[PDB]
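In the block that follows, a single chain appears as structure tokens, in the form deposited in one PDB entry.
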């Protein structure tokens, strides 16, 4: 099970030093619970959140969470079935919202596109349509589904439903003369007329109206296979994918035909599906597949994203694709991987930087809610306690609730805390190598290097990396031979014990590679290297680019560091490896600088990077993985091609100031 997707965390207020957005509007009427992302008539993503389980709705543009204005809509009474009795759809340049209150009332909301986008502080007129029509305490609210031309269908647990034309009813009066049971827990609409429904049991009921008509309580599949409210349905084209209860997740695929073979799930602990989406294929290193099924799972805070590849035959065969379910940033803090980062005052500033001020402010408050005070420096006892509260705050913030396709094919996962989203990116070749170093040429070469390098304390790694810097700076006198410099770095940094037994393994393994060749592949192909538009400022897009670039470079820094490491220990011919070495040193110097600018002022770093590569300076628009990867690569190219050489003493000062 190889991992082909990275997780890239977008905190929308992250670049800013002040959460929340400066402009928030509170309209009244009279943590988090669900988050999704709706695409609008103009090309813009608007996000919604529902909190407790009603009494709160909010919106913000995905593109401009900070300067854009989020809209809070308070509610008199909670929704009947929190969030299941909601519908958001866009009609006539107007966001349409409906709800069924615990009162049993029925609410309609009309928010012009114009209102959310404009800066207006508040907007007058009437947007309340409270109605009590067609519902009684007699029959309880349950599920609200949206019908295309503004028509909406409502279910209630007595297996049953009502129609909304506001009150229209379908034919099913079921009276027990012998013997609630069952229920409806999911639905979707085929083509134009047919609403395909699912039961608590679970089985499906098909429709056309033909107001009270159906193929039947196909209770599937009730018999099919094993003999003993959520998103257990996804339908693409004529293809429908249905999820079943056991024993292990059974994914049933049925394709006016209703017929076919289910596929299994991978599992260990207990996972409950968060969302499910069935679409066209994405570029994957695989043989032909005729579909792609994206599945999102969640065990408490932790979420798992998977993709299912399929062959025509709607199952000639199927492959499961995994993904790294934590950011590289996240990983680095846990597994003490980071070498770039550098007194409590400093550590403190570092943390503020590694987390959005949103998270940092939230951790600050909680620590003060629990009476945990600071005594300034060497009050680390205190921070050690904060580092951990940060983690916990972020994992919580990042709890998934829904998946958005930042179409065409991008996978966007929306989290509980507002302004927190997670994009899952397709890995380039170098990223797969890094991520699945354990799964069964170059790859092997890189694998053996990380084997030896893994054995070194971070101090020594940092110690070494700096030395490589000195050479470029020329701090290591230039007159010195490359060999001389390397024997110097050796005696000072590595001379100390590193187990001898390990080094042997290292050397013996290196004798198995045409090294000159795998380097040329690593350096001139793998490591070293048509857009719209980007027009208006964005924002979300800006973050993905910076984080994605960071991940690649960090990955590059580790690899590059290790390759140079080999030259230091066994001095091969400086005669033979000069162009390679010169570049390694040059690249390392460049990588080191970026990963440092990243630590300090990520917001500024993004602007500089996006102004150099942007026709309008606002960046590109991502519609394809291949198009996003392309853009990260150009930024990458832009960085490796930058002129190290310092023009004025100012330039040199700036560089030294970071090399400190």
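Rigid core (definition): largest C-alpha set, two forms, superposition within 1.5 Å. Positions refer to the first chain, counted from 1.
Unshown form deposited in another entry; subsequent notes refer to it.
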Practice prompt. Scan 395, 264, 118, 131 for the one whose CA shifts by 2 Å or more between the shown form and the other one after superposing the rigid core, and name it.
Written response: 264
Worksheet item: Is there a C-alpha shift of 2 Å or more at residue 172 between the shown form and the other one once the rigid core is superposed?
Response: yes
Worksheet item: Fitting the rigid core first, would the Cα of residue 320 be found 2 Å or more away between the shown form and the other one?
Response: no
Worksheet item: When you overlay the rigid core, is the Cα of residue 212 off by 2 Å or more between the shown form and the other one?
Response: yes
Worksheet item: Relative to the form shown here, do the C-alpha atoms of residue 263 and residue 435 sit closer together or farther apart in that other deposited form, given a change of 3 Å or more?
Response: closer
Discussion item. Flagged pair residue 306/residue 263: C-alpha distance shifts by 3 angstroms or more in that other deposited form. Which direction, closer or farther?
Written reply: closer
